[PDB]
Amino acid sequence: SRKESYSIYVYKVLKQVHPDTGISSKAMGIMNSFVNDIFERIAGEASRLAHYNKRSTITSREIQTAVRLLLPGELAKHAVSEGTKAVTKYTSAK
Amino acid sequence: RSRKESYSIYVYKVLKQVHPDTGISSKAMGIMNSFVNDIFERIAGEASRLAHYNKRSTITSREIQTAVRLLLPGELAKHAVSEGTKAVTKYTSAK
Amino acid sequence: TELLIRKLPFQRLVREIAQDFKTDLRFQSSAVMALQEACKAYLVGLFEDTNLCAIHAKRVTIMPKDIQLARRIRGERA
Amino acid sequence: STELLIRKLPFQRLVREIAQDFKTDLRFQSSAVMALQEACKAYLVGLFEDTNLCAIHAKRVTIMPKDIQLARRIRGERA
Amino acid sequence: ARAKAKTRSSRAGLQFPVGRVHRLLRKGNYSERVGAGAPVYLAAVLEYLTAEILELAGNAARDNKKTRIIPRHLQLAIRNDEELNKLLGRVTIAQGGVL
Amino acid sequence: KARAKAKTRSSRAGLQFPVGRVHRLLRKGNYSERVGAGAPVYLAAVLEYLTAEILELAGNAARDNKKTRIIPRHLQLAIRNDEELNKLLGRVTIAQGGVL
Amino acid sequence: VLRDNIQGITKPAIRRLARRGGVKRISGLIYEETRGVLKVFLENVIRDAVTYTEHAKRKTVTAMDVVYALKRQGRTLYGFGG
Amino acid sequence: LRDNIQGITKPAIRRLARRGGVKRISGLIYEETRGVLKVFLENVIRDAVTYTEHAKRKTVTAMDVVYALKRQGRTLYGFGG
DNA sequence: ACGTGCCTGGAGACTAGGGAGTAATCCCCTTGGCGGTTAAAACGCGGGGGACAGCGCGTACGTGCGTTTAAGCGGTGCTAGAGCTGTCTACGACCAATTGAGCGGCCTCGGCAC
DNA sequence: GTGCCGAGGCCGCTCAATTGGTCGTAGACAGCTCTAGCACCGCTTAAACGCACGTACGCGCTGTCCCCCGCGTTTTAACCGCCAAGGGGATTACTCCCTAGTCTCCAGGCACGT
């Protein structure tokens, strides 16, 4: 029917990191698979974290703990910083 | 006035069914509880994934059978499928 | 095609294996391409582990016992 | 059940020393330390099984650090 | 008025609790809906696997002139059966002896 | 009556990834009964950061090979030449990664 | 039907795969062992893929069946999601 | 507390190796084993402390350790209650 | 690779309710200290088993070349089956009343260790 | 023959499983379309293959020396018991604020065209 994909958002992020570089369709497929894999890993870890504490709601605290459990080393610190920055900006923005 | 649930009494019933004169220690009871819990989560998670793959919202005995085939090896899978089918047939035949 | 595994023999081998699980099965081309990609990756990784086992025995020639040792340490079913 | 002694007090001191690099003023349930000790026992016994497999392959009977390193590399463990 | 209550396990001829298994399936966030035969099937499978392991462990305990199952006997039963070892090989049994 | 101009939650958070689609995916996926307001924003920020890191290292690999486009070989090189990304994506097979 | 197609993976193909893995010299008994190992791996993957297909009431094995069968081994594969 | 990895004594390593089937042990094995154990324990304890911090707790429980081990692919039976 | 229509998924506003945050209490379980006393570790020594380097042989592997084989490609046709839409019925969720299954505390004495 | 403690049996209560009725909708089934998997054929040419041959290397043997194991002795520090303190986990009660749900509106993203 109409398969939703992250190609346009990956292309926007690509034009922010490398404004003159393109990307082939097969590389866009690998990036889509990567984004889906990471989304399902983090969401699954957050869902397990909520159930361990007898909670019904997945909040940004479960996402942060999932990111700290899954990402290694230096990657976790910057991902956590980027997520906290986004949440703070979103909360300030009415 | 509070409770935590476990499978100890049912494991004991099955143990008396298979070995009438044998007992079981509490440590072994904890091992059996952990085993039953672990297998339950494995099968339930596989069934949930199977339902999500096929855009279904209901977990049925077909999903459980497919999950058991995926997770259990060989003759264990074949005997478990036979037992589950027998139990579901007996359940649905009744009243 | 550097890691050339040929298409037709691999497709026939895939069809032969699937005959033992269900009769009159069809395959998409992309399913066979995924199987072939997985087989390539698995075999290259296993040959890397096999070459470490040969070097460890002070050899340069990989032998079936090296593959057996690598697959045992990996925990693959013999 | 066939006793395989790792002494409780030094292992507890090791666990507390390791954990203080992640959080200060941490308490440990006694069953948590028992579980950690049981996992360490199982992990080390299985690693020595793999190490003995690697040593025999080189026509030796003495296990050496290179056997442990090969076993851990094949397993995929971080060096 | 109503008829005498009969547990679903008795209806299916099982020792494991079908009603508890249904509650856990509904609580567990596995799907929006749970069919009627799914808890029965799951309880039957769990009962079968428990019976298999307890049969092997009772055999192992009998071979040691002991009338009671301890974690060592469960470990022996798991490691001496190829199908159980494939299913339960990456599992550590507390006080079971690492062989 | 007088609805203000609609502003995406992505623009409020300063992000390129869709917060609304991430929220819908979280709700649909049976991960929990309820989803907080900030969880999709946090998840989208993390996903965008990881995408930016991988695309930057793939662009560097493409530039080092003098090509103006990213191909799967460049993604494989980027993953396997970074310690953290190799730890995260070591068990993963990239189609055409080794060979082009 | 034709059978014994495992010979279809030829000795030079195995040599190419082994040289990409860093191997310099290959014993002549490696090829049959490699064919057996590949057969075992393929059998496991195809069994789980056919289970996924049978569940979905289908008669054709799709790329998503192979991806799901590989993932649950722990051998995630990127680039076949669409 | 600073030097506690030496509390895993050489006879204990000898016993664990003997249980794994090893007949003869080089003298350089003990330091390597201590380093390997330290790495393993660091990983497990880090994930357990993350679980404990998520729950607003100050005490690491056996369930935190069981969850940390479970997500390594090492499943520990007998501490769930 | 860019412009354009439309249509479907996202955003805005409002309401109800229950999930979760916070305060208070209690009691239990973790931490620390001290003494003795004993099991486990540390240390030294002597001997011999095993690791490792050197050497010779013969065999099996890598390379090159002419021949054979069958894969790949393009074209054609057939037909199964996957994906989509529409209908309708059984099935599972939800609520309320009932009751027996199951859990905790107490009592007992058996299988093992001494 | 004696003593231990932990596992088995019994009873009260209480809460979760069962039964009955209702109803909305998920899915099973039929019909249709049109896509893509499979089969055949002829031609070409890339790749596999089979043989010859030289030499690198695997493997068996030998000799030396080093460094591990077993044993006896001394040390040291774990461990058990007893006591005390206090932190903090678990439970309960109250409140309020955050999220689901519904209806309306519109603007971003995708197929088509250039």
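Throughout, a chain's letter reflects where its sequence line sits, starting with A, and its residues are numbered from 1. Values below: all heavy atoms of this structure, side chains included; hydrogens, waters and symmetry mates excluded.
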J.: Does any N or O in the side chain of A/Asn53 come within less than 3.5 Å of the main-chain N or O of A/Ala50, such that one atom is a donor and the other an acceptor?
T.: no
J.: Does atom NZ (G/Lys24) have a neighbourhood of more than 12 heavy atoms from anything else shown, all under 6.0 Å?
T.: no
J.: Within the 4.0 Å heavy-atom criterion, would you say A/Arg61 contacts the bases, only the backbone, or no part of the nucleic acid?
T.: nothing
J.: In whole angstrom, what separates H/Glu53's CD from J/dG88's P?
T.: 14 Å
J.: Return the residues of residues 52-61 of chain B meeting this criterion: a heavy atom under 4.0 Å from some atom of DNA chain J. Order them by number, or give none.
T.: B/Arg56, B/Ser57, B/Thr58
J.: Rounded to the nearest angstrom, tell me the gap between atom NZ in E/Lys65 and atom P in I/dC112.
T.: 12 Å
J.: Just so I know, are the side chains of G/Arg16 and C/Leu4 near enough to count as touching, which here means a heavy-atom distance under 4.5 Å?
T.: yes
J.: So what does E/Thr67 touch, heavy atoms closer than 4.0 Å: a base, only the sugar-phosphate, or nothing?
T.: nothing
J.: Set out, line by line, the N/O atom pairs under 3.5 Å between protein and nucleotides 38-40 of chain J.
T.:
unit_1: J/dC38; atom_1: OP1; unit_2: C/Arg15; atom_2: NH1; d: 2.4
unit_1: J/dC38; atom_1: OP1; unit_2: C/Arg15; atom_2: NH2; d: 3.1
unit_1: J/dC38; atom_1: OP1; unit_2: C/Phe27; atom_2: N; d: 3.4
unit_1: J/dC38; atom_1: OP2; unit_2: C/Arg15; atom_2: NH2; d: 2.7

J.: Which is true for C/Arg6 with a 4.0 Å heavy-atom rule: it touches a base, it touches only sugar-phosphate, or it touches nothing?
T.: sugar-phosphate
J.: Angle class for the E/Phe16/B/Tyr10 ring planes (parallel below 30°, perpendicular above 60°, tilted otherwise)?
T.: tilted
J.: Using the side-chain hydrogen bond (donor to acceptor under 3.5 Å, both in side chains) criterion, which residues pair with B/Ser61? Sequence neighbours excluded.
T.: none
J.: For J/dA7, does OP1 or OP2 lie under 4.0 Å from any side-chain N or O of B/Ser26?
T.: yes
J.: Report the distance from atom CG of D/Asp25 to atom P of J/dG88, rounded to the nearest whole Å.
T.: 8 Å
J.: Toward the 5' end of DNA chain J, which comes first, B/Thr22 or H/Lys58, by nearest nucleotide?
T.: B/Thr22
J.: With heavy-atom distances below 4.5 Å as the criterion, would you say the side chains of H/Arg24 and D/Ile63 are in contact?
T.: no
J.: Are the side chain of A/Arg61 and the backbone N or O of H/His54 linked by a donor-acceptor pair below 3.5 Å?
T.: no
J.: Identify, between D/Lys59 and H/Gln6, the residue whose nearest nucleotide on DNA chain I lies closer to the 5' end.
T.: H/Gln6
J.: Would you say I/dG62 has OP1 or OP2 under 4.0 Å from some side-chain N or O of G/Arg15?
T.: yes
J.: Over how many whole Å does the gap from B/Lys4 atom NZ to J/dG89 atom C1' extend?
T.: 14 Å
J.: Looking at A/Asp20 and A/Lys15, does any basic side-chain N land under 4.0 Å from a carboxylate oxygen?
T.: no
J.: Any donor-acceptor pair, under 3.5 Å, between the side chain of E/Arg2 and the base of I/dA97, if you only look at N and O atoms?
T.: yes
J.: For F/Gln16, give me all partners under side-chain contact (heavy atoms from CB on, under 4.5 Å), at least two apart in sequence or on another chain.
T.: A/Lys12, A/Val13, A/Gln16, F/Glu48
J.: Please answer whether the main-chain N or O of B/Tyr7 pairs with a side-chain N or O of B/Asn33 as donor and acceptor at a distance below 3.5 Å.
T.: yes
J.: I want to check something: taking the side chain as every heavy atom from C-beta on, are C/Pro9 and G/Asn5 in contact at a cut-off of under 4.5 Å?
T.: no
J.: Let me know, please, whether F/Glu33 or B/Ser2 comes out on the 5' side of the other along DNA chain I by nearest nucleotide.
T.: F/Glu33
J.: Set out, line by line, the N/O atom pairs under 3.5 Å between protein and nucleotides 107-114 of chain J.
T.:
unit_1: J/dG109; atom_1: OP1; unit_2: A/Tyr9; atom_2: OH; d: 2.7

J.: I'd like to know if the side chain of D/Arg60 reaches the main chain of D/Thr62, judged simply by a donor and an acceptor atom lying under 3.5 Å from each other, with no hydrogens or angles considered.
T.: yes
J.: Are any of the side-chain nitrogens in E/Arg23 or B/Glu5 under 4.0 Å away from the carboxylate oxygens of its partner?
T.: yes
J.: Tabulate protein N/O versus nucleotide N/O from nucleotides 36-38 of chain I, keeping only pairs under 3.5 Å, one per line.
T.:
none

J.: Please confirm whether the shortest side-chain N or O distance from F/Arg9 to OP1 or OP2 of I/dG9 is below 4.0 Å.
T.: no
J.: Under the side-chain hydrogen bond (donor to acceptor under 3.5 Å, both in side chains) test, which residues partner D/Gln37, sequence neighbours left out?
T.: none
J.: For E/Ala3, report the nucleic acid contact type (base, sugar-phosphate, nothing); a contact means any heavy atom under 4.0 Å.
T.: sugar-phosphate
J.: Do the side chains of B/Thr22 and E/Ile69 get nearer than 4.5 Å, heavy atoms only?
T.: yes
J.: Using side-chain hydrogen bond (donor to acceptor under 3.5 Å, both in side chains) as the criterion, list what pairs up with A/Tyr52, not counting sequence neighbours.
T.: A/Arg48
J.: Quick one: list whatever passes side-chain hydrogen bond (donor to acceptor under 3.5 Å, both in side chains) with E/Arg26, sequence neighbours left out.
T.: none
J.: So which protein nitrogen or oxygen atoms get under 3.5 Å of nucleotides 61-68 of chain J's nitrogens or oxygens?
T.:
unit_1: J/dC68; atom_1: OP2; unit_2: H/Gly27; atom_2: N; d: 3.2

J.: Can you name the side-chain contact (heavy atoms from CB on, under 4.5 Å) partners of H/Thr33, sequence neighbours left out?
T.: D/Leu44, D/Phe48, D/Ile68, H/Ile13, H/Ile29
J.: Considering just the side-chain nitrogens and oxygens of C/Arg12, establish if one lies under 4.0 Å of OP1 or OP2 belonging to I/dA71.
T.: yes
J.: Would you kindly say whether B/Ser6 and B/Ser8 are connected by a side-chain donor-acceptor distance under 3.5 Å?
T.: yes
J.: Over all strands shown, is F/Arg3 touching base, sugar-phosphate only, or nothing at heavy-atom distances under 4.0 angstrom?
T.: base
J.: Measure the distance from CD1 on H/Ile8 to P on I/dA40 and round it to the nearest whole Å.
T.: 16 Å
J.: For residues A/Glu62 and A/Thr59, is any side-chain donor paired with an opposing acceptor at under 3.5 Å?
T.: yes
J.: Rounding to an integer number of Å, can you tell me how far B/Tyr91 OH sits from I/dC91 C1'?
T.: 12 Å
J.: For C/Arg59 and I/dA60, give me the distance from atom CZ to atom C1', rounded to whole Å.
T.: 14 Å
J.: Hey, does E/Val18 reach any base, or is it just sugar-phosphate, or nothing, if we go heavy atoms under 4.0 Å?
T.: nothing
J.: Please report the end-to-end axis angle for the helix from I/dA1-J/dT114 to I/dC114-J/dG1, five pairs per end, rounded to 10 degrees.
T.: 120°
J.: According to a strict under-4.0 Å criterion, is H/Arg57 in side-chain N/O contact with OP1 or OP2 of J/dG88?
T.: no
J.: Is the shortest side-chain N to carboxylate O distance from G/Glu33 to C/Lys65 below 4.0 Å?
T.: no
J.: Taking only N and O in the side chain of G/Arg16, is any of them less than 4.0 Å away from OP1 or OP2 of J/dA48?
T.: yes
J.: In whole angstrom, give the distance that lies between atom OH of G/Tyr31 and atom P of J/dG50.
T.: 13 Å
J.: Using the side-chain heavy atoms of B/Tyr12, tell me which of these nucleotides is nearest: J/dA48, J/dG9, J/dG37.
T.: J/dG9
J.: What does B/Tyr7 touch in the nucleic acid at a heavy-atom separation under 4.0 angstrom: a base, only the sugar-phosphate, or nothing?
T.: nothing
